[PDB]
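So the structure is just underneath, and the comments pick up after that.
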Amino acid sequence: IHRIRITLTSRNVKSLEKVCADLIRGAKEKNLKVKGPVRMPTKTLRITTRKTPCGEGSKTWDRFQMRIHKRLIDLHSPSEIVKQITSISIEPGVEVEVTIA
Amino acid sequence: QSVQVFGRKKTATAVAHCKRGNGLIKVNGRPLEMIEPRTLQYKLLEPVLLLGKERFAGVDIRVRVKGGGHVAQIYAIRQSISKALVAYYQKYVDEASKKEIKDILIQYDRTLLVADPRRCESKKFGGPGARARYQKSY
Amino acid sequence: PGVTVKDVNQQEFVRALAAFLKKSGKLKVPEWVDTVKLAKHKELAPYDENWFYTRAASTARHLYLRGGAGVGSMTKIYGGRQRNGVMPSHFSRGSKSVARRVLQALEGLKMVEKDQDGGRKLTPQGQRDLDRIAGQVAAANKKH
Amino acid sequence: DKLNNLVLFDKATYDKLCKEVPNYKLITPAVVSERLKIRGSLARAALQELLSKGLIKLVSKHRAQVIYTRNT
Amino acid sequence: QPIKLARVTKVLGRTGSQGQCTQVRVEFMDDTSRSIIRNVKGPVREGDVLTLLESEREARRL
Amino acid sequence: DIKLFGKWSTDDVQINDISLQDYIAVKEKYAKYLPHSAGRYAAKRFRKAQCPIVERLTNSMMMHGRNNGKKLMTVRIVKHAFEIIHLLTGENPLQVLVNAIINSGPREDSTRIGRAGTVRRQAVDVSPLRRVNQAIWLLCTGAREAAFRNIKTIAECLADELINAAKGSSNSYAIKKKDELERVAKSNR
Amino acid sequence: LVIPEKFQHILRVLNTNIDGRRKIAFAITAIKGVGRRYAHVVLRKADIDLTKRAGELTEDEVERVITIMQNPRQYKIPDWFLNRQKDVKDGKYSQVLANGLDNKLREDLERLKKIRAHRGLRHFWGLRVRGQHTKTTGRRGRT
RNA sequence: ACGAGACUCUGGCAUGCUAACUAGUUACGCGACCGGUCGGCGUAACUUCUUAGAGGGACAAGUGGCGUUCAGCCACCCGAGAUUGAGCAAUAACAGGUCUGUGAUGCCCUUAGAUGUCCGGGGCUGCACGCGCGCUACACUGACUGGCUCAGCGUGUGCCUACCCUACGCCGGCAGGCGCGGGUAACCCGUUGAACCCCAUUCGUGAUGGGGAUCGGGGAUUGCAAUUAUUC
């Protein structure tokens, strides 16, 4: 089968959407039937940390939250074409997992 | 046909599929006369007998429910039924009696059409609850 | 239109499936059924002498509702409030052995069949018996 | 403290109980226990037994609210 | 202990040590010509009617 | 029809307070088949009076850190004693309820009044809203203490207190509280 | 079987007197080991109706209950379900009724002090067995 | 001008719009009723039903009563919404705690006689009592046989990291042995079937069933080392 799946994950929604638009245009630059970007639920990671290094004062905490936004682009094409589209200076912080089955 | 327009309360929701059927209202494989709490059945028969049991003349309404809490599902299941009745009565048939029944159930209450925007707030640290704080030490 | 499985109060429906069970006289009861603790969150011994048959009825009814669901899931349904006195009460699992024994009791009697990806399903004979029971309770008052 | 109540079967559950509960208009295990000097637990047990005999009209049942009224 | 009617027409203000009462102006319906002042306790709506033991009472006035 | 619980008629109530039906209402269009509509009136002001008073009851005999979060139990327990007053007095429970709300409802209270003194109290008029609030509070306090640790169950202690407060009988704990309020109003002019 | 008049205040253990006001499945809690779910299960499998009360407590009931509490293997009940499994200082497996024989086993304070064991010294002063840490906090004992 | 406000995520209407095969209800039989009803699901499949995108929307904008008639305040109809909650928070300062947080650090004991450092066998693991955050309750709005059945953030097999969740057969009440596998993840548990409640069981004013808070034995899984049955 030639259905190549890009599991692309990044911390920024705007950079993620720019990557997705560029990738889907590069697919749209060629003759490749594609599906729309599939947005899996963003992982919200919570870390609640006491602020004072030594326990003193009012009970105060910081709440660091990590938003991880993940799109999938599965296109009906050999992975070589997708790699040809890939060399476009991918946005930093956007990681790509390649799925071939 | 799917003229469903939500019908919600808290985080639980109902979708009222409506068609030209038998006039029997179904709630996920069980009749509205038999619901798990065994206590809010009147809250479910309120809309139909308030507007009139005679209105249903061959309309099959299946509501599918999903969300947390039984009573939270109610006030939305019945809201979904009222929404489906509104959609059916707006699609083809007149509006004068539609406005009549709408005025009657609006003066009856407000939670039959418009959803309650309320929701459970977060809890703030430094206390047992969102607004409650711990006891002062002297 | 006939009779559907869920159109009669489910409490009396499980009671009627239990009644079918104790008029059938088919099941088997082992000899460790009163010497065990049989529960974690239940603090008193059963006073009904017949909890095995009602357990079988509940298991069969849940079996119709759930496909591919096997041992270990009903014991979470049978678990509940475990109070430790001063300790705040928690949710504790019920008795896995009781559920497994009642399952093996119903297992192989054409009510419960073994699937091929894990868990269990019901045979058409068991479904027909359950539907006949549901029709019985419906015709008791709801179909007349 | 001290648990001491009537646990004896004598002319208190049949006589003056089956002869004074039917003649009253409100019948409750608490009402029967209070107005007829009887134990509420045995009041419930005897009310269940006489309901099995079939000499009352039941509206609804609960752990603390079993609603009876005169029928015959 | 005669009892007559009184209904609110002007909420003069809030009184009390910690906002206990409302100094309010009330007219007697049976006479519709007299206005008196009362430190009424509780949430008061402009136009509510209450049955009263008193028909001449006054409180601290400023 | 809009009868309460589908069994108690609502077209029979008479408040007989000339003009008080806007602050004690069971006939109003907000009065529904059940007293359960979830809390929406407490947010704003003078909207609490728009509540169907059946709801105010089922939430006022709903307190004390052991009941909060158990409103379906309160609705079951009001169905109980509604069908019990249906037989005890042989009349609609709404009539005895309005009688209780019209008699137990206080008029005179005593409060600290002044900007510079703390010696004594002054008589004050309790508004209809606060009067129904504290009257229902006294009723519920009695009904809790009347079945507290007692063999008497709910829906009968509440029932007894309601009936002997609705007729104006001073034997009621709520009516004795009303008399105490009136007498302390007398003794602090 | 069923009889309106069998209510007696005393059950026989060692000719001592007990209470007889409690109902069935609760009147045999007067025995040290019997009670809780033990009495519940013996009455449950005793093949009798449990709706009976204190007044309908027959002598045949009491005799069968005494026999069933003598040895647990009437319905194949293991010994650990009783308060005493294999005994200490003797190779028995049963709980003994009355006083002066079972309570003799419980006195466990001297011999562990011979080996300077902590358990015996802890039970010597009447301290805590569950291990309740004691620093200053506690509101029982002297006030 | 800084701060407040504004800002941003949002809670809350997207029936309009890009759009899923890790999402989901309806065109023909799969085991039943002369037309109705399944989370083993029927061939067929549309974004309404969950996620996550752009734009829109709410402004004291509309009416009425007050107001130095202004800034504003109070009522009312529509409307999802007429005060959703929090992080950012000034100038300037403390002799408030932290040198027992730190491979950021100041004369004294420390100059190898090195308050743990390789190995590691006790220590903040003590009993007479004072309102230090809190814990299950004192009961019949209820613990209690069990009937029915509704959750949302999450956390999840891995650098001197076994051990993480965890779908069945056999056994074993109690924890757990091997396997076919399911999981880098909305694919696997999951439809968190859950859990509070939905009141058919002895219960009745108690020392028993509110109140395991006070005894000795035994199976044992991560733990060479549970000695104060520490924890199943």
Side-chain angles (χ1 to χ4, degrees), chain A residues 17 35-36 38-42 44 52-54 56-57 63, chain B residues 2 4-5 11-13 15 17 19 22 29 36-39 64 67-70 73 114-115 117 119 121-122 124 134-135 137, chain C residues 1-5 10-11 14 32 36-38 44 46-48 51 54 62 66-71 73 76-77 80 85-88 91 95 97-98 115 118-119 121 124 127-128 131, chain D residues 1-3 33 39-41 61-64, chain F residues 61 66-67 69-70 72-74 77 147 149 151 153-154, chain G residues 22-23 25-26 29 50 80 83-86 88 106 118 122 128-129 131 133-135 141-143:
Chain A
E17 292 315 290
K35 280 294 184 91
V38 200
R39 327 151 195 72
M40 319 294 165
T42 72
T44 315
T52 338
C54 204
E56 194 256 26
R63 28 199 49 65
Chain B
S2 298
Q4 316 150 315
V5 196
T11 197
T13 186
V15 224
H17 226 97
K19 202 39 159 287
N22 302 9
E36 315 315 298
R38 212 197 163 112
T39 324
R64 93 177 146 288
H70 337 303
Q73 299 251 34
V114 280
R119 206 63 42 97
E121 308 158 11
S122 173
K124 322 297 137 70
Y134 310 122
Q135 159 185 15
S137 47
Chain C
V3 49
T4 68
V5 199
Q10 294 310 290
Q11 314 194 38
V14 83
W32 49 290
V36 281
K37 175 58 176 199
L38 68 83
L44 208 70
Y47 212 63
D48 198 23
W51 50 280
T54 40
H62 296 133
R66 324 287 308 194
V71 58
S73 54
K76 310 286 170 70
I77 309 170
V86 152
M87 311 326 247
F91 166 83
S95 178
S97 65
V98 164
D115 43 22
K121 318 216 140 65
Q127 189 158 1
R128 260 299 92 174
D131 293 357
Chain D
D1 196 25
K2 300 186 191 84
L3 183 69
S33 191
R39 194 172 191 233
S41 166
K61 62 157 195 183
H62 268 79
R63 34 94 177 181
Chain F
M61 322 72 87
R66 252 295 183 158
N67 310 284
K70 314 290 162 188
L72 305 149
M73 298 54 275
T74 83
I77 296 164
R149 172 201 308 71
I151 201 147
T153 43
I154 200 46
Chain G
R22 276 160 298 141
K23 225 72 60 182
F26 292 116
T29 44
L50 319 182
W80 40 252
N83 64 277
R84 168 61 82 175
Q85 189 50 76
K86 174 173 55 182
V88 188
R106 305 313 146 151
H118 205 172
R122 282 305 186 144
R128 284 314 282 139
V129 56
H133 288 8
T134 57
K135 297 294 169 188
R142 291 298 274 106
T143 313

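Throughout, protein chains are lettered first and strands after them, A, B, ... in sequence-line order, and every chain is numbered starting at 1. When reading the values below, keep in mind they use all heavy atoms of this one structure, side chains included, and skip hydrogens, waters and symmetry mates.
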For nucleotides 18-20 of chain H, list the nitrogen or oxygen atoms of the protein found under 3.5 Å from its nitrogen or oxygen atoms, one pair per line.
from	atom 1	to	atom 2	distance (Å)
H/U18	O4	A/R39	NH2	3.4
H/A19	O4'	A/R39	NH2	3.4

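A distance of about 36 Å separates the P atoms of H/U15 and H/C73, rounded to the whole Å. Look at the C1' atom in both H/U37 and H/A32: the space between them is 10 Å, to the nearest Å. Distance noted for atom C1' between H/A14 and H/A80: 11 Å (whole Å). Atom name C1', nucleotides H/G85 and H/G12: the rounded distance is 12 Å, in whole Å. For the P atoms, the distance linking H/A200 with H/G147 amounts to 14 Å, nearest Å. The P atoms of H/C17 and H/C78 are separated by 29 Å, rounded to the nearest whole Å. Nucleotides H/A23 and H/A4, compared at atom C1', are 45 Å apart to the nearest Å. Using atom P as the reference point in both H/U102 and H/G134, the two lie 33 Å apart (nearest Å).
The residue C/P46 sits close only to the backbone: its heavy atoms come under 4.0 Å of sugar-phosphate atoms, none of a base. The residue A/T42 sits close only to the backbone: its heavy atoms come under 4.0 Å of sugar-phosphate atoms, none of a base. Counting any heavy atom pair closer than 4.0 Å across all strands shown, D/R39 reaches sugar-phosphate atoms only and no base atom. Backbone-only contact: G/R142 has heavy atoms under 4.0 Å from sugar-phosphate atoms and none from a base. Nucleic acid contact for C/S73: base, since at least one base atom lies under 4.0 Å from a heavy atom of the residue. Among the protein residues, C/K76 comes within range of the sugar-phosphate backbone only, with heavy atoms under 4.0 Å from sugar or phosphate atoms but none that close to a base. Using a 4.0 Å heavy-atom criterion, one finds that B/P117 contacts the sugar-phosphate atoms exclusively.
At a cut-off of 3.5 angstrom, counting only N and O atoms as typed in the model, there is no donor on one side facing an acceptor on the other between the side-chain of G/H118 and the base of H/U228. Side-chain atoms of B/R64 and base atoms of H/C49 include a donor and an acceptor less than 3.5 Å apart. One cannot find a donor-acceptor pair under 3.5 Å joining the base of H/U228 and the side-chain atoms of G/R128. Counting atom types as modelled, B/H70 pairs a side-chain N or O with a base atom of H/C197 as donor and acceptor under 3.5 Å.
Between F/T153 and H/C140 there is no side-chain polar atom (N or O) within less than 4.0 angstrom of OP1 or OP2.
Rounded to whole Å, atom P of H/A195 lies 12 Å from atom CD of B/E36.
Among H/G53, H/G85, H/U145, the nucleotide with an atom closest to any side-chain atom of B/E121 is H/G85.
Checking H/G103 for Watson-Crick or G-U wobble geometry (two distances, each under 3.5 Å) identifies no partner in any strand. Figure legend. H/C46 is base-paired to H/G24; pairs are counted as Watson-Crick or G-U wobble with both atom distances under 3.5 Å.
Side-chain atoms of D/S33 and D/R39 include no donor-acceptor pair closer than 3.5 Å.
A Watson-Crick or G-U wobble pair does not link H/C131 to H/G40 when both relevant atom distances must lie under 3.5 Å.
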